[PDB]
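With ideal geometry, Cβ positions are generated from the backbone for all residues, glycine too; neighbour counts draw on all protein chains shown. The numbers here are math on the coordinates, done by the rules we state, and not lab data.
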Amino acid sequence: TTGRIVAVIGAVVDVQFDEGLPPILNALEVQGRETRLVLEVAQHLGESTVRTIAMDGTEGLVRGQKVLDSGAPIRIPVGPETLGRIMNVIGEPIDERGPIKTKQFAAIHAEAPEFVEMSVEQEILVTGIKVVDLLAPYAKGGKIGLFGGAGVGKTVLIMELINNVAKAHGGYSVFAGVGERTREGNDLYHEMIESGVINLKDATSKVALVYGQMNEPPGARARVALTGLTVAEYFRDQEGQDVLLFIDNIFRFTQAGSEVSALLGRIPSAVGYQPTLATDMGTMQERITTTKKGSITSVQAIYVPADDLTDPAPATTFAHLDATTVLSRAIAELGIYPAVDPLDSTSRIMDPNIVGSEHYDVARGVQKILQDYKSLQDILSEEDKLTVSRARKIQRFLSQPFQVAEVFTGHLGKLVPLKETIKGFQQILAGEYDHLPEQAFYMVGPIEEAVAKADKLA
Amino acid sequence: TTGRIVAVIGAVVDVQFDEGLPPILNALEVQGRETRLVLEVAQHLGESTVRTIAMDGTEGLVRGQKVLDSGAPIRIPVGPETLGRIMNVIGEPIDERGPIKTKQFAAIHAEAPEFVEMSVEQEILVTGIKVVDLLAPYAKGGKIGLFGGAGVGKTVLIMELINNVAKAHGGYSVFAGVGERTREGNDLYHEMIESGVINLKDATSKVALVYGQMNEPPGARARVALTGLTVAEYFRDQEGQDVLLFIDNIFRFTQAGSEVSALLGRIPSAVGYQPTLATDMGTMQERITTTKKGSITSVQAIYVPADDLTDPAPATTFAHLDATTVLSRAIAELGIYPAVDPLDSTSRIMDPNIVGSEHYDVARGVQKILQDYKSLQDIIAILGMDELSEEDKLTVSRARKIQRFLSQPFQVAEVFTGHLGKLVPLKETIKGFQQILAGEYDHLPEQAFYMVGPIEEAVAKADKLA
Amino acid sequence: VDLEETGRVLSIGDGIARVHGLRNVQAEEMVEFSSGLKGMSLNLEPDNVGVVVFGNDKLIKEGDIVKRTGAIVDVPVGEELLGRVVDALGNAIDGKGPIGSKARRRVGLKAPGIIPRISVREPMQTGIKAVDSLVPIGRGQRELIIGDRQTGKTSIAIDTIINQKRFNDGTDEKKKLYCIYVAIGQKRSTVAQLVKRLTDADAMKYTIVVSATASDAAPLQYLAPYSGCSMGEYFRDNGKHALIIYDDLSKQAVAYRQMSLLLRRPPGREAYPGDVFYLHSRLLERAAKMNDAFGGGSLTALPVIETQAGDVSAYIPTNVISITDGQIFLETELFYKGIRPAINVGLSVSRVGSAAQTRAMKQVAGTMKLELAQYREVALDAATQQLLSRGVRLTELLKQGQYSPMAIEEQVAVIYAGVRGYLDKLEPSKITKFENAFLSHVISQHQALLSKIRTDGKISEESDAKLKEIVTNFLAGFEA
Amino acid sequence: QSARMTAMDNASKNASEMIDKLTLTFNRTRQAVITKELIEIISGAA
């Protein structure tokens, strides 16, 4: 049915319908405008009028302008054809390559999996990255808080994750830019092309891109994480995959929700956040989980407002996180890449019960010896000298050449299997390689290459 | 005649009347409830409609439900047969012992004693609690307030005072439970049966109990203090006798008011409180008083939200008191019980012309050394005591011994301290702190002064150590 | 058409539906929406009824028909719920089919007054040494579990549930403890993992799980504790004993604050409504111990509160402390050091539990309480050298793994060794190893003494002298 | 020299614990200021 605009106040538009009203969350299509303008129903105001949030600018709108009820929430292209493409919150291509020709479309508002669909199986999603797999492993269906600003190799880590998960497991990735800076959205796209995770010439792309740029209205930036989620849900629920979902930034998801709540006249809660802060977060996060079909695992870049970890935004987000990856400038300036702080990064599945007994012991041994090395930095005996040289070789063996940084450097990038990582750090703790030099452990893959780097350079 | 309910939201019920409108404060009776449901008229809204506050839950009420005007405010039993009994906000027996057959009733709203009725008599009431007796003594017929955050020692202190004052007292007591633990009422009731201050077989009971606890909706919690007061007012005026009134906890009165105010649609005041916080408190507190006609020694436990003494509730309560005992969480965490802040507890009778120069001098001397210790906390927290001058080290050592000698085992807290309770005569309290200030025990270890009664116990304790 | 029994939605979109009609609806009556959602009549106004919706409001539209149920908001109760996972309304979410419960209780029923009660006297055994010895819990008591995120809060509750298996396998209904775990605001995966754990431990059969998770509407999270509590009261009022865990009340308060701000009620501290204390007070008051005339049953509650950075002085933490009968405080710093359970002994309190401790435990734990209180200021001269030596070994006995809660007599045996001085010559780093070796010895060899302590609830002179010889002879046998 | 080493080790530890305590007070105050200002604005608007 066709309604009529009765109010326009910024990105808030009221629409009157003569017959049956569109349910809350339904997408409405504004008639007679150059590009596509979607309005999402937020409230039934009474007297046949609904209040909506606009997905694009509202300038030029006239009272009485015709509006079409689509019959459903925002529906976007889902399938293999999303891989390598960039779409917006309403599923339109924004890479100037034409339609995204999927054989299915899906609603962006979808209930989180039910209790009966839950998997109790705790499984490590092997990334093939030594720092991560050993000390702060990712859990299938889990959420990982990615910390650190820029210049700490964030994007290269992201691209290698996409590369590795597709290579090792056979699962695809989805990148949701929530409040994406248009300049940085362009950079990321072309960097992904260079690394090979996006291929413009064939169907081998490993990521689907979903962008909600900063200059878009609150409604668009609030819903774009859901759009990305919906693309990921196809690969899990229709193709049985272990999918990766990147959300850059989770705070900007919260911020956009606060702005939408403000625009709808809802009274702000503590610190100015929306009263629906926790439910806004929960209805989104709970869709990221392990089910019987597969799993969506999510890496979420975290901004901490005012560096206050007790701020409602990070505090509410932390409730949903299972692990952290802390990218550090101090680790970067030491030349160790990835620049992951091996002591600050933690994981809930670092447990002798979930991961192997062999996994837990070695990782606890690596943690202890790195902390003890920092203790001995202030100040040695034969036992202390042995723990110092062991730890310095451990610091270097945590570094890794990436497959994504192969054309830039020329150095062969490495994907290291889990058991190869565990036994590598196990052979250093035992002092089996304290017979061999130190810098042979810097920027290598499996331990067999560190032995060969000592065999060649002797 | 009859009214009809037109609106219900929590404790607030609007009622329309066709003939004759009940004045503000009248008790209305809701028809058809299993247990008596009283609505108190708060406002006239216009169009023959009144806004009321319920004294019990409003679940099950329907628009159009009949309401009758009782022609009076809430009236409760008052007199000798309230003694040994427990009543609720509306004066109903809640002890399963049948009717309270008093000869008289009284409205729970009465006007405060006038200025002409005031007594200026100021006589010390010795508690046997060292901190109180020394620094901020209570007065007979005086208004006492016990300030404290969650779990710091308000109720233990009020219970120790009931133990130390009431038995030495010759008269009646009234305990009003206001928005506190129902199980604390059960404890008190049965302990009073065991001790015999409540007798179920005879007319010899010396205590009347009134309860409206934290299981109650806010209308009940806002009014139950008035119910308690009314019972005490009778004993003060119509018997001209010395009355003790204990209230745990009077903050709950103001908090309940905040809950109803939110439902009445008032524009809120600071920190979300009712705009009427101070006047509501004044109209209630001004009734809790000694008059020329009779004495009320009142002790009110005063909860402190988020430990914030500047919160409008506790902040407005101070000026209603003659003596204040302010408890501190920091002090409790150091192990000092009772957790009294010796530099934030005051009394109107702390006056050399009242307590004598010796008492006054030792008190002020103790407070000086404690304040001198306090304003060194910045440097001590960083560098420790070893950086201070010899002069300052001496003041720190004595202040720490005084801090400990201010602690005391309570008869009531024996399970928690592990020590037999102690009650110290005033003269012994003065002498003990006098000797410490003089440096007579500079040689003794600090821990010797911890959790003792008289100073001799600190000497004996040090002798066992070395 | 029937404006007395039915109404039409006027507006919806702030968690509240405004409904025209329903002239005969009661305050706090459950109503039913066309879509199948339930709601509570909150606001009775002259021209409309304000309805709180127990589900997503996308499912309600202007014009939708709303029907009276005639019933004040209630839930199914009974033994049929044992072994089941239900949502806040008591509907099965575990796919195990219909729940047979015929009886129902109002979720908002006021707690028993003064007279129906009696002092808590019966032990509610957690099987956790630190708790049962130093912070004892009685049946009827409310004991707050409080601490920062990931400090071991839920683990306390889970081990307590698992512990009851030994009584529940018996035939004496008075000794049994039926359990209710209320999940509020949690991840669905977390709850699923929880039931799996309970099932593996054969504890699910005496447990009801009520779940309103992170993606459930705020009014469902608000409701969940009250629903679970009513399911608990069924046992309390049937002369039996139930234990309820509210995990957690911080998230419930957040849910209520959402509802309250959307209703435009005036906020105060941290934007919470003025009735946020009452929200928790009316709930926890319902955990109670009943006198014999009322059947002698009980409901024990373990509410959970999450602190930010160890700050117990904040609004919601202090509110709940001012309600419960003590707290178990879990500390991040202790958890970080490897102290598990991460219980701060000195800061933890049981206000009413000592009367609900067996005499056997009362004995050895009172002297441990003394020996730890004398250790929390000395933590070298010989006078304080003994106080430090004893305190570190006692602290080692307070360490415990998960999922193996201990019989009270087994707890009394291990604490006995440290208190009487059978660990003094052994090094602190080897106490944990000694304990497990000592426990398997007393279980395998001396069942007669452990059985007698369990039955008598006391260590007599015969039991004390007999136990003296066993620990002496094992200490000589224990080498490395 | 031993005693200075000792005292300064303890002072640096006390400073650390005070930094944490003060940072927590700072951030509670920081949040409270924002919340209070907003409640005054909302009350004026309503």
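Summary table
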read-out: Residue order, fewest to most beta carbons within 10 Å, for B:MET55, B:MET385, A:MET350; value: B:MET385, A:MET350, B:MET55
read-out: Hits among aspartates and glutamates - C-alpha to C-alpha of C:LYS433 under 15 Å, sequence gap 8 or more where chains match; value: C:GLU396, C:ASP424, C:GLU479
read-out: Residue order, fewest to most surrounding Cβ atoms within 10 angstrom, among A:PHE408, B:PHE253, C:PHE167; value: A:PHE408, C:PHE167, B:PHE253
read-out: Sparse-neighbour loop sites [trypsin sites (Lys or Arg not before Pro); region C:1-108; at most 13 other C-beta within 10 Å; DSSP]; value: C:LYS96, C:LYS102
read-out: C:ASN473-A:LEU380 FRET efficiency (beta carbon distance; Förster radius 60 Å; 0.05 resolution); value: 0.85
read-out: Inter-probe distance in nm under a simple model that places probes 7 Å from Cα toward Cβ, at B:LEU394 and B:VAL116; value: 6.0
read-out: Environment charge at B:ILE354 (Cβ cut-off 13 Å; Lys +1, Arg +1, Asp -1, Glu -1); value: -3
read-out: Across A:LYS419/A:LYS453; B:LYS422/C:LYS468; A:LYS206/C:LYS58, pairs whose alpha-carbon gap is larger than 28 Å; value: B:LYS422/C:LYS468; A:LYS206/C:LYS58
read-out: Loop-located chymotrypsin sites (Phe, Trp or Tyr not before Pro) in region C:392-449, at most 15 other Cβ atoms within 10 Å (DSSP); value: C:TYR403
read-out: Relative contact order (%) - region B:321-466, alpha-carbon pairs under 8 angstrom, separation at least six; value: 20
read-out: Cα-based shape type of region B:74-349, given that a ≥ b ≥ c are square roots of the gyration tensor eigenvalues and the cut on a/c is 1.5; value: rounded
read-out: Cα gyration tensor category, rounded, prolate or oblate, for region B:1-73 with a/c compared to 1.5; value: rounded
read-out: Rg(Cα)/(2.2 N^0.38 Å) for region C:2-71, N = residue count; value: 0.91
read-out: Simple spin-label estimate for D:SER43 and C:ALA382 in nanometres, 7 Å along Cα-Cβ; value: 6.7
read-out: Pair A:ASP455, C:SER34: separation of 7 Å Cα→Cβ label points (nm); value: 7.7
read-out: Least to most buried among A:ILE302, C:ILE65 (fewest other Cβ within 10 Å first); value: C:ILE65, A:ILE302
read-out: Highest average packing first - A:392-405, C:451-464, Cβ atoms within 10 Å; value: A:392-405, C:451-464
read-out: Set of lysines with alpha-carbon distance to C:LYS466 below 16 Å, sequence-local pairs under 8 removed; value: C:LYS452, C:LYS458
read-out: Charge tally in the Cβ shell below 14 Å around A:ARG221, where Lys, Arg are +1 and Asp, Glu are -1, A:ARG221 excluded; value: -4
read-out: Highest-first arrangement of C:290-303, B:98-111, where packing means the average Cβ count within 10 Å; value: C:290-303, B:98-111
read-out: Gyration tensor (alpha-carbon) shape descriptor, the protein assembly as shown, a/c threshold 1.5; value: oblate
read-out: Protection proxy ranking of C:240-252, B:37-49 - average other beta-carbon atoms within 10 Å, highest first; value: C:240-252, B:37-49
read-out: Percent RCO, i.e. relative contact order, over region A:74-349, from Cα pairs under 8 Å lying at least 6 residues apart; value: 26
read-out: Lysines whose Cα lies under 16 Å from that of C:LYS337, excluding same-chain neighbours fewer than 8 positions away; value: A:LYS368, C:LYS399
read-out: Euclidean distance between Cα centres, region A:124-157 to region A:381-449, Å; value: 18
